[PDB]
Amino acid sequence: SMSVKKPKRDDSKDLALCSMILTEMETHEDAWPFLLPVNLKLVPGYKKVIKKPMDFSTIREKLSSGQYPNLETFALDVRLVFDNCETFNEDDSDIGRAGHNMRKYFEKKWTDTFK
């Protein structure tokens with residue numbers, strides 16, 4: 001509360017460390033469905049159904065331009081990419097499997113780096 005604070009965590013490396021995680025996600029062999037924004041002119045139903053499209057290139061641009069206020073807002077966009085994927089793609093499909101794989105890959109790096 002006012003004048004009552006928990007000891008100050010060092011957040012000075014967070015930006016660099018999120019950049020590194022994102023590089024590792026970008027270079028994973030199953031990243032291909034997520035590298036670029038879904039083409040809303042060429043994929044029927046996507047625009048109406050997926051209210052907040054997200055992809056790795058858009059996260060990279062937000063990260064590089066100071067549009068993440070803290071490491072939680074960064075995690076929320078990465079998780080949005082996989083939540084969108086599950087919304088639109090059957091579990092038993094190449095893209096559906098890709099999304100589950102990448103979500104697990106992310107959550108381990110996230111825990112190991114920050115928890």
# chains A, B, ... in the order shown; residues from 1 in each chain; ligands from 1
$ residues_around --residues "residue A:57" --least-positions-apart "3" --cutoff "10 Å" --atoms "only C-alpha atoms" --output "CSV table (one decimal) with C-alpha atoms, in the first residue's frame"
chain,number,residue,atom,x,y,z
A,22,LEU,CA,10.9,-15.4,-28.8
A,26,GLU,CA,10.8,-18.4,-34.1
A,34,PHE,CA,2.7,-18.8,-36.3
A,35,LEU,CA,5.5,-16.8,-38.1
A,36,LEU,CA,3.2,-14.3,-39.9
A,37,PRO,CA,-0.3,-13.0,-39.5
A,54,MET,CA,-1.7,-12.6,-32.9
A,60,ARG,CA,8.5,-9.2,-32.3
A,61,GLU,CA,7.5,-5.8,-33.5
A,62,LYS,CA,5.6,-4.9,-30.3
A,63,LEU,CA,8.6,-6.1,-28.2
$ select_by_dssp --residues "stretch 19-84 of chain A" --states "helix (DSSP H, G or I)" --output "PyMOL selection string"
chain A and resi 19-26+32-34+46-49+56-64+71-84
$ residues_around --residues "residue A:75" --least-positions-apart "5" --cutoff "9 Å" --atoms "only C-alpha atoms" --output "mmCIF file with C-alpha atoms, in the first residue's frame"
data_model
loop_
_atom_site.group_PDB
_atom_site.id
_atom_site.type_symbol
_atom_site.label_atom_id
_atom_site.label_comp_id
_atom_site.auth_asym_id
_atom_site.auth_seq_id
_atom_site.Cartn_x
_atom_site.Cartn_y
_atom_site.Cartn_z
ATOM 1 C CA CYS A 18 11.829 -12.259 -23.543
ATOM 2 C CA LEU A 80 -3.123 -15.759 -27.421
ATOM 3 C CA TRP A 110 8.906 -19.339 -19.283
#
$ residues_around --residues "stretch 90-101 of chain A" --least-positions-apart "4" --cutoff "12 Å" --atoms "only C-alpha atoms" --output "PyMOL selection string"
chain A and resi 25+28-34+55+78-86+105-108
$ closest_residue --among "A:50, A:2, A:40, A:21" --to "residue A:74" --atoms "only C-alpha atoms"
A:21
$ atom_distance --atom1 "atom CA of residue A:71" --atom2 "atom CA of residue A:14"
6.7 Å
$ closest_residue --among "A:72, A:77, A:10, A:24" --to "residue A:59" --atoms "only C-alpha atoms"
A:77
$ atom_distance --atom1 "atom CA of residue A:111" --atom2 "atom CA of residue A:9"
16.3 Å
$ closest_residue --among "A:8, A:102, A:43, A:69" --to "residue A:56" --atoms "only C-alpha atoms"
A:102
$ closest_residue --among "A:47, A:112, A:42, A:15" --to "residue A:67" --atoms "only C-alpha atoms"
A:15
$ atom_distance --atom1 "atom CA of residue A:113" --atom2 "atom CA of residue A:20"
10.3 Å
